[PDB]
């Protein structure tokens, strides 16, 4: 049963990671930096607020979202290197402010709630085994590019 809680956490982490490409696309075109320290710190404060409210350990949640932030930057920088080595993506980027950013904000709430269901299981002996099974079951469905699959590991590296 708790397998589904891990499964949902994996799915929502992948979903948030998929928005890294349109972020990177928008920054690539507009020449804005991948690093945005005041926006990251604002996300981590909001995470601590929502965590405490939903009865989640804030340290657990801050760390998990450290990894969400780190996985996102990892994928964005890999896309920049690919685009430097060849060419940027054809077509305009979705508007960061009105299209992409609202989808990222919705996922903060979703991930907090998903994490609250996983949090009781976090110390269980079979947590890592069941998580790795959920991760492999997801990857064989969606079959994303290797750079995205790579950052998914970072995103989920402190669940257990």
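Positions refer to the first chain, counted from 1.
Higher-B stretch (mean Cα B-factor, as the entry records it), 138-146 or 8-16 = If you average the C-alpha B-factors of 138-146 and of 8-16, the larger mean comes out for 138-146.
inquiry  = Per the record, averaged over C-alpha atoms, which has the higher B-factor: 91-99 or 125-133?
reply    = 125-133 has the higher mean C-alpha B-factor.
request  = Sort 41, 113, 69, 107 by C-alpha B-factor from the entry and give me just the highest.
outcome  = Comparing C-alpha B-factors across 41, 113, 69, 107, the maximum falls on 41.
request  = Quick one: classify residue 78 as lowest, middle or highest third of the chain based on its Cα B-factor.
outcome  = Answer is middle: the recorded C-alpha B-factor places it there.
inquiry  = For the chain shown, is the CA B-factor of residue 160 in the lowest, middle or highest third of its modelled residues?
reply    = Highest third, going by the recorded CA B-factors of the chain.
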